[PDB]
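Just follow the structure's listing: the first ligand is 1, and inside any ligand the first atom is 1. Proteins get letters first, then strands, A, B, ... in listed order; numbering begins at 1 in each.
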2 protein chains.
Amino acid sequence: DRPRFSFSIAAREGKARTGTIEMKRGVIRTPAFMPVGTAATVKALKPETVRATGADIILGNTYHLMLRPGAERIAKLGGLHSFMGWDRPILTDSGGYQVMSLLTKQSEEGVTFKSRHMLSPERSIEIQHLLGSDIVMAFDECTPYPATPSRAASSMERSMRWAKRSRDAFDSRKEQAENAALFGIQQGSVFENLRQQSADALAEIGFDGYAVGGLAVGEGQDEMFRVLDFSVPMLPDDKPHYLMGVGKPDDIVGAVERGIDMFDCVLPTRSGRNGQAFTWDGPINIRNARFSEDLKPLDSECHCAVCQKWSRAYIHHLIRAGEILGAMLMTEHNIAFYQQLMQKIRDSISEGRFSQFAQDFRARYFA
Amino acid sequence: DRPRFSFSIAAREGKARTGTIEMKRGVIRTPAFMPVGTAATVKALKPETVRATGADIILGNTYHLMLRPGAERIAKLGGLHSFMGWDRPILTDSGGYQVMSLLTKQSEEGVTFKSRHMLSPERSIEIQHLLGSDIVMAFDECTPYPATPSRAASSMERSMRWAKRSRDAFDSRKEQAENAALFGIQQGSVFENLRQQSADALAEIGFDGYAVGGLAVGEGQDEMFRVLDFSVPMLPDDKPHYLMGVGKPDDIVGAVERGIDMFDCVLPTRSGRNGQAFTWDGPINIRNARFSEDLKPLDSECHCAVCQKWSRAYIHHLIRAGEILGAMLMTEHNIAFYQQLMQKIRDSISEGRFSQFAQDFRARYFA
Ligand SMILES: Nc1nc2cc3[nH]c(NCCN4CCOCC4)nc3cc2c(=O)[nH]1
Ligand SMILES: Nc1nc2cc3[nH]c(NCCN4CCOCC4)nc3cc2c(=O)[nH]1
Ligand SMILES: [Cl-]
Ligand SMILES: [Cl-]
Ligand SMILES: [Zn+2]
Ligand SMILES: [Zn+2]
């Protein structure tokens with residue numbers, strides 16, 4: 001029987017690592033990409049299809065699920081896993097990014113938003129328990145970008161107080177503490193000293209894993225990478241590092257080069273439904289007239305079921321026609337592509353050729 | 001190797017028949033229900049899923065496909081089967097029902113509609129060839145309901161002239177004549193004498209199968225059944241009888257009792273996406289608040305993959321949220337339900353207990 005939580009690093013190359021997280025509901029291969037299932041569904045895919053693409057874990061959201069269908073309701077129905085039919089690990093965000101994204105009244109106690117609903121470290125942790133989340137995220141505040149050093153510091157300090165409250169709420173619930181894991185979230189905007197203070201605070205509290213929060217909020221890749229350069233080494237080496245909300249394939253590769261182990265983003269799903277398909281030669285927009293009679297699959301090397309069977313021409317027709325099958329096929333391919341990217345990353349680190357892979361990947365993707 | 005077309009009747013009970021149509025691309029068990037795939041997709045389902053529900057054949061549409069993505073385009077891409085990934089038989093309607101349903105200029109030559117597109121017996125048959133249809137429908141005119149006897153007669157007479165033109169166009173195309181089948185369509189509105197004249201004309205021309213056209217156009221079940229009572233026996237007994245656009249489960253049962261072998265309708269797909277699920281105890285609307293915490297499957301006996309795995313409560317959430325997976329699950333279940341209905345019909349006729357099945361079905365469905 002697998003443990004509640006165990007992270008093991010099998011191979012390294014520079015700051016990059018590959019390994020596994022073992023949890024009760026399954027093993028997660030790292031670096032990992034988590035498809036997003038915000039509304040208790042990875043949009044347009046059955047869970048069996050999500051798994052077939054190679055996903056080990058999916059992401060859910062405290063904020064969205066507390067609104068619809070409700071956290072207490074999901075608990076009454078047996079929990080999120082049973083509800084949606086995904087029996088493997090689920091990581092849930094805490095609501096902290098909705099603390100600035102989707103009327104709000106903020107205080108030291110938490111955030112109320114408008115019917116009116118409240119979130120606090122205690123309520124967020126409770127909701128994640130009711131959902132039966134395997135990886136629970138601390139309740140934080142994603143500092144807006146740009147932020148002044150003073151505002152970034154005040155925000156980060158509140159988040160660290162909330163991180164301690166999250167830890168205590170989680171630990172006070174025996175079933176949760178014994179069966180789930182808790183990750184802390186580093187804040188501090190783009191400021192090295194604040195990132196260090198945040199890392200120190202989180203490590204003092206102690207978590208099963210550490211997220212880099214407050215990025216992928218409009219800063220751009222150069223700045224994100226600059227912040228990762230100094231921020232990731234501040235986190236405990238022996239625990240997973242999770243970069244929230246990232247990202248494009250090149251963002252993922254560069255983040256892995258900087259020590260990140262876990263990723264999530266809506267890009268493959270959302271942009272798939274909008275007609276964007278990922279390929280090793282860069283993204284294409286399948287709606288473009290140039291694809292109307294193209295018999296080739298979305299990508300020439302992709303091993304997914306979509307690329308085995310259907311042409312660009314057919315998918316072009318479906319997306320132009322607003323057909324549901326178009327969304328289904330685009331999404332399955334994009335998620336499969338993302339998982340294949342993660343597999344190539346894992347294999348190349350394992351073989352000590354990740355730097356070469358990154359270079360080759362970029363040369364072709366951006367040709 | 002299967003023949004171009006062979007219909008064999010294995011068992012009878014009153015006017016009801018069960019048997020098989022053998023065609024080059026596969027066997028069709030009758031009575032048969034054909035899922036509708038108007039836009040080169042059965043909405044929200046992969047072809048493999050359509051097949052898994054038990055479908056032997058699907059329906060496409062000359063009118064819709066000639067507009068998008070285009071008949072010549074589909075031919076250039078290898079035909080409709082290859083295009084959409086369904087390798088079994090496809091029946092295509094001729095456009096004759098759009099001749100009154102979806103600006104139009106009608107003449108003895110055909111129908112022009114507005115870009116401008118033309119349909120005639122010759123062009124309809126040609127389009128169906130370009131698509132690579134297995135069962136080609138004659139180009140007709142679905143007489144509006146209600147119709148005066150004079151107007152119904154004039155319309156029917158034109159349709160019979162068009163049926164002869166359809167026959168000749170089909171026969172003049174060697175590859176089509178050798179590999180596909182051609183069905184004629186009976187018209188005559190609700191008038192017995194006109195239905196007889198139409199049947200006589202079609203039988204004189206000679207077809208592989210015979211559709212009852214001009215019904216399911218607002219007349220209601222009592223009147224439809226009254227017309228079927230005298231119309232079906234006018235058609236050749238040794239060929240399939242196809243009731244176009246029907247229908248609700250009770251309509252199908254009653255039509256089989258009256259000698260119909262083939263059916264199509266958008267009800268399971270369209271109403272599925274709208275939240276209506278078919279059950280042996282009658283349809284339910286899954287959006288209803290009463291289902292919000294109902295852990296039972298859509299139907300208590302249904303053997304489909306949806307009912308094996310997901311609850312009413314989950315599907316209720318998905319449909320209320322406008323989630324694509326909701327459409328996918330509802331549609332798969334409804335099409336599976338329809339196929340299970342057809343299987344029960346076939347088995348009960350084979351066993352000489354169809355009358356009892358019809359009675360039992362109705363008692364429970366309408367309880
Ligand atoms: N709790 C918590 N969650 C986070 C989630 C984040 N997501 C992102 N970036 C991506 C934002 N997406 C872009 C696509 O539309 C939806 C929002 N950046 C994120 C940062 C955080 C964070 O600091 N805290
Ligand atoms: N060529 C041809 N096709 C037919 C198709 C028919 N469909 C129906 N009834 C169902 C109509 N649906 C109802 C759901 O919305 C779409 C149209 N009735 C139909 C009658 C005909 C017909 O006489 N000729
Ligand atoms: Cl999405
Ligand atoms: Cl439909
Ligand atoms: Zn693919
Ligand atoms: Zn079912």
Less than 4.0 angstrom from a charged side-chain N to a carboxylate O is my criterion; do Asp261(A) and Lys239(A) meet it?
no
Please confirm whether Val246(A) comes under 4.0 Å of ligand 1, counting heavy atoms of the residue only.
no
State yes or no: are the ring centers of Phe278(B) and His333(B) separated by less than 6.0 Å?
no
Look at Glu126(A) together with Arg123(A) and state whether they make a salt bridge at an N to O cut-off of under 4.0 Å.
yes
Tell me if the centroids of the rings in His129(A) and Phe170(A) come within less than 6.0 Å of each other.
no
Does NZ or CZ of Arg258(A) come closer than 6.0 Å to the centre of the six-membered ring of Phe225(A), within 45° of the ring's axis?
yes
Using a strict cut-off of 4.0 Å, indicate which atoms of ligand 1 neighbour a heavy atom of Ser94(A).
1 (N)
With only distance considered, is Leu215(A) within less than 3.5 Å of ligand 1 through an N or O on each side?
yes
Classify the contact between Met137(A) and ligand 1 as side chain, backbone, both or neither, using a heavy-atom distance cut-off of under 4.0 Å.
neither
Is it the side chain, the backbone, both or neither of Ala216(A) that has a heavy atom closer than 4.0 Å to ligand 1?
both
Just to be sure I understand the site: which N, O or S atoms from the protein are less than 2.8 Å away from the Zn ion (ligand 6)?
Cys302(B) SG, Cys304(B) SG, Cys307(B) SG, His333(B) ND1
In terms of atom number and element, which parts of ligand 1 are under 4.0 angstrom from non-hydrogen atoms of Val266(A)?
14 (C)
Establish, yes or no, whether the cationic atom of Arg167(A) lies under 6.0 Å from the six-membered ring centre of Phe207(A) and within 45° of the ring axis.
yes
In terms of side-chain heavy atoms, does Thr53(A) have a donor or acceptor partner in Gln339(A) at a distance below 3.5 Å?
no
Donor-acceptor pair between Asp264(A) and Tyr242(A) side chains, under 3.5 angstrom:
yes
Min over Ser271(A), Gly218(A), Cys265(A), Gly214(A) of heavy-atom distance to atom 23 (O) of ligand 1 lands on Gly214(A)
Sub-4.0 Å heavy-atom approach of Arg270(A) to ligand 1:
yes
As a check for students: among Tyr145(A), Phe183(A), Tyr97(A), identify the option with a heavy atom nearest to atom 11 (C) of ligand 1.
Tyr97(A)
Counting from 1, what ligand 1 atoms have a heavy atom of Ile185(A) closer than 4.0 Å?
1 (N)
Could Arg226(A) and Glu223(A) be called an ion pair, given the rule that one side-chain N must be under 4.0 Å from one carboxylate O?
yes
Within residues 331-347 of chain A or reaching into it, pairs that qualify as salt bridge (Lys or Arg N to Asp or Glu O under 4.0 Å) - sequence neighbours excluded
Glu332(A)-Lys46(B)
Within the distance-only criterion (no hydrogens, no angle test), does the side chain of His316(B) pair as donor or acceptor with the backbone N or O of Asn288(B) below 3.5 angstrom?
yes
Could you work out, for atom 22 (C) of ligand 1, the closest of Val212(A), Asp140(A), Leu267(A) by heavy-atom distance?
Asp140(A)
